[PDB]
RNA sequence: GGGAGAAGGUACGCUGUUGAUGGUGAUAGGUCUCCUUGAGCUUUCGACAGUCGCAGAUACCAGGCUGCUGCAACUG
RNA sequence: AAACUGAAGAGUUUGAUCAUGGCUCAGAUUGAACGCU
RNA sequence: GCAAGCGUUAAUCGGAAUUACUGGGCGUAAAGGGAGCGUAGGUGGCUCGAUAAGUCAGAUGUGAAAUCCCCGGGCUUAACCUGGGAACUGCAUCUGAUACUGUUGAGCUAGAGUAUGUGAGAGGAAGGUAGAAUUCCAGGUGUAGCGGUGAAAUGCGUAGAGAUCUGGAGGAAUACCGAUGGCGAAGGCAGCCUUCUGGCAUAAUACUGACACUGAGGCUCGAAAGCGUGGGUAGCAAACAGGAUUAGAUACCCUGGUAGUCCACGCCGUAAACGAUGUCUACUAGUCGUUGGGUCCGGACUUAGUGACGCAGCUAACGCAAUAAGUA
RNA sequence: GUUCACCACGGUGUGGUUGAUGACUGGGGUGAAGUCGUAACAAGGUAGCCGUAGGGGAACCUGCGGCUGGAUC
């Protein structure tokens, strides 16, 4: 079945932008919202709002962006998959596109960009590369 | 096979509440009765291989449910297999 | 070739044996000629090449 | 199933001490009876120590054993 | 102040092509041997 | 081109992403296990807590010296020597953080299951029976051919064949329906009927509450052929025999024909067991069929299968393309 | 000193593993202006291939089941 919730999230975004869809929706979660919130604040997606559904369920809707008719998120790949987790120190965070992209890092201070982790001098789980 | 009249009687004996019919105890009790009932069919038809694959499935399902109870509530497990003789 | 499959079996490359086993990893070996003959090469070309069969100090002939 | 007692090894007498154990059961305590204790007799196994001889299964008694191969399945 | 600098391919299967895939080569190294000097 | 050396051989790494961790592949180039169930193991939904093991950070101790690298200093330069650093990815012990993994308490329903009503089906096992047709046996009619082939011949027939009619025996398969139709995990499964029995599809409500996926070994099942024992034996037919064709013909064709094919119980465990495509998830233009449902108003929609096309994407190309060989 | 205990060498028997050799024998490969055929590639002149069984100087043939990686339809 589904065993990579984070990978499913990125795959939904990757396919939706490949299909030029206006928005992508999926069942919500705090981990999913935390990554989606970072994508908004990094400037890769327009917005991400959580709608509380019935039976204690929620839907996370993300509004995608396109620049000159091309998807803003050129590549969004998962680095720390469940079959092989990747934790890095403060000096071993791998950069994306020589600092242009974002390596989403899960630190003890929450989900944040790789440039933020180095500024805070903190490592964590490098969960994805988005460029 | 089990009829509706007796199938409802096993549920009424292993009830965890009001008309639940979904608890691990009632499911294992239903499978156990069904498995024992089919022992008569397979005694006369031992070459029946396509039906026997179905019997193994509920044997496998009953094992999964018993593993779940043993991990969930040990007392609910040791008591249940005492009644069912497993 | 998953991660779990690699930490169970693991990539095993194979080393090639020596193409000159008689030398026994030595640059040169001395030997005694037991036959000094001539022979013909393979298909494409023709000649009478000089060959000596020598018994080496390594026990190979 | 066997081959197989394959092959091949070690111990074995006597004396003293000592441990375990089966049987029978007198004397007692609670009627061809039952239960516990158990004297005497007896059984089968050990251990330790010493001792004599060339030799302890000491006499009589009591398998020799292996390798290849033909034949017939075998008991008869 | 610095220790933070690093990555080349070629030949060969075919009438020709692209791919696959082996073989070979150009580099560095040695407690070296041998040949000429 | 090197130069007091220069070549050759041996040897290691490289180039080789040619064992691919960084960093490869498996439709057809080598490569998906025949299919499934499942043990160890790997991995794993949502929400509120606890813990701090993993993870991260800090401090401390340690990580010998030499070597490597950096900044200098002495040999006339260099090799060499040398001072201080950096590094030695590590290990240990404390402290802090709690996003994720681990361990736990409680809760949730969206994955997975249960109860209840309908439905389709060559799903499986055991019995019974029906009608065509072939073969054989026995009679009636009848007479000179039948059969077979590209031609023939072997063969059958004047002891009466073949043809035709009427009876009887027996075995095997089930025309039409019949369908990129259906069911099954695969292998496979077609007359009709009864009995025992598995799964699936479907609307709604109720229930359990992550019970899940995959799975080394293991086990189960597993076409045909084949083997053992016991039955049966019509047709077909390995082997075998004969006739042809041919230079030959241990073949193709012809006439026969035994094992087998059938049944019961066991072995065997293999197939181009193929979609040459492991299983399970989620997402990604569309169009036209078709099977089993369901809900609406002859249409429309929605499901679970089964097909034909066709974007993006992928591919060496062929081609695949919601039943992916696309995106993970 | 004597004696007993432990013990090295050494001896005995019986197996296991493994190297070299061995009359003869099986397939594999290389080599020439060989002998016998022509099995495959075209529908290769009986479509080929897979599993299995029987047969045959030899490629191979035949039966049963399967596949298209079969042209002509």
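Chains as they are written, first to last, in the deposited numbering: chain BQ, 2 to 132; chain OL, 1 to 86; chain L6, 2 to 62.
Where is the CB? At the ideal position from N, CA and C, for every residue including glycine.
Comparing C-alpha positions only, which one of 38 (chain OL), 3 (chain OL), 64 (chain OL), 26 (chain OL) sits nearest to residue 12 (chain OL)? For the purposes of this step, residue 12 (chain OL) is taken as the residue at position 12 of the second chain. Taking the Cα of residue 12 (chain OL) as reference, the smallest distance to any Cα among 38 (chain OL), 3 (chain OL), 64 (chain OL), 26 (chain OL) is reached at 26 (chain OL).
**Q.** Environment of residue 27 (chain BQ) [buried if 16+ CB atoms lie within 10 Å]
**A.** Here residue 27 (chain BQ) refers to the residue found at position 26 when the first chain is read from its first residue. Per the 10 Å Cβ criterion, buried.
Query raised in the report: Does the beta-carbon distance from residue 131 (chain BQ) to residue 77 (chain BQ) come in below 8 Å?
Result: Position 130 of the first chain holds residue 131 (chain BQ). Position 76 of the first chain holds residue 77 (chain BQ). The answer is yes: Cβ separation under 8 Å.
Practice prompt. Measure the alpha-carbon distance for residue 49 (chain BQ) versus residue 5 (chain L6) and round it to whole angstroms.
Written response: The residue labelled residue 49 (chain BQ) in the question sits at position 48 within the first chain. The residue labelled residue 5 (chain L6) in the question sits at position 4 within the third chain. Looking at the backbone, the Cα of residue 49 (chain BQ) and that of residue 5 (chain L6) are separated by about 36 Å.
_If I measure Cβ to Cβ from residue 24 (chain BQ) and keep anything under 7 Å in the same chain, skipping five residues before and after, which residues do I get?_
On the first chain, position 23 is the one that residue 24 (chain BQ) refers to. The answer, listed in chain order, is 62, 63, 64, 65.
Query raised in the report: Would residue 71 (chain OL) be called buried (16 or more neighbouring beta carbons within 10 Å of its own) or exposed?
Result: The sequence position of residue 71 (chain OL) within the second chain is 71, counting from 1. Here residue 71 (chain OL) is exposed: its Cβ has fewer than 16 other Cβ atoms, across all protein chains shown, within 10 Å.
Using a 10 Å radius around the Cβ and a threshold of 16 neighbouring Cβ atoms, would you call residue 1 (chain OL) buried or exposed? Locating residue 1 (chain OL) in the second chain gives position 1, counting from the first residue. Answer is exposed; the Cβ neighbour count stays below 16.
Reduced DSSP secondary structure (H/G/I, E/B, other) of residue 39 (chain OL)
As a first step, residue 39 (chain OL) is located in the second chain; it is residue number 39 there, counting from the start. Three-state DSSP puts residue 39 (chain OL) in a helix.
- prompt: Using DSSP with H/G/I as helix, E/B as strand and the rest coil, what is residue 21 (chain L6)?
  reply: As a first step, residue 21 (chain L6) is located in the third chain; it is residue number 20 there, counting from the start. In the three-state DSSP reduction, residue 21 (chain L6) falls in the coil class, being neither helix nor strand.
Checklist line | Three-state secondary structure assigned by DSSP to residue 28 (chain OL) | finding: Your numbering for residue 28 (chain OL) matches position 28 in the second chain. Here residue 28 (chain OL) sits in helix by DSSP.
| message | Let me confirm a value: residue 2 (chain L6) is counted as buried when at least 16 other C-beta atoms fall within 10 Å, else exposed. Which label applies? | response | Against the third chain, residue 2 (chain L6) aligns to sequence position 1. It counts as exposed.
Alpha carbons only, please: which of 75 (chain OL), 74 (chain OL), 35 (chain OL), 10 (chain OL) is nearest the one belonging to residue 60 (chain OL)? Translated into positions along the second chain, residue 60 (chain OL) becomes position 60. When each option's Cα is compared against that of residue 60 (chain OL), the closest is 35 (chain OL).
Checklist entry - Alpha carbon to alpha carbon, how far is residue 52 (chain BQ) from residue 29 (chain BQ)? => result Within the first chain, residue 52 (chain BQ) is the residue found at index 51, counting from 1. Within the first chain, residue 29 (chain BQ) is the residue found at index 28, counting from 1. Here the alpha carbons of residue 29 (chain BQ) and residue 52 (chain BQ) stand approximately 8 Å from one another.
| message | How far does the beta strand (DSSP E) with residue 81 (chain BQ) in it extend, from its first residue to its last? | response | Position 80 of the first chain, counting from 1, holds the residue named residue 81 (chain BQ). Going by DSSP, residue 81 (chain BQ) is part of no beta strand (DSSP E) at all; its letter is neither H nor E.
- Which one or two residues does DSSP pair with residue 88 (chain BQ) in a beta bridge? For the purposes of this step, residue 88 (chain BQ) is taken as residue 87 along the first chain, with counting starting at 1. Secondary-structure assignment with DSSP links residue 88 (chain BQ) through a beta bridge to 126 (chain BQ).
If I'm right that residue 149 (chain BQ) touches residue 105 (chain BQ) with Cβ under 8 Å, what's the distance once you round it to whole angstroms? Not covered by the structure: residue 149 (chain BQ). The range shown for chain BQ is 2 to 132.
Would you check if the distance between the CB atom of residue 28 (chain OL) and the CB atom of residue 74 (chain OL) is smaller than 8 Å?
For this step, residue 28 (chain OL) is matched to residue 28 along the second chain. For this step, residue 74 (chain OL) is matched to residue 74 along the second chain. Here residue 28 (chain OL) is not near residue 74 (chain OL), since their CB atoms are 8 Å or more apart.
Buried or exposed: which applies to residue 48 (chain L6), given that a residue is buried once 16 or more other Cβ atoms fall within 10 Å of its Cβ? Numbered from 1 along the third chain, position 47 holds the residue referred to as residue 48 (chain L6). Residue environment for residue 48 (chain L6): exposed (fewer than 16 other C-beta atoms within 10 angstroms of its C-beta).
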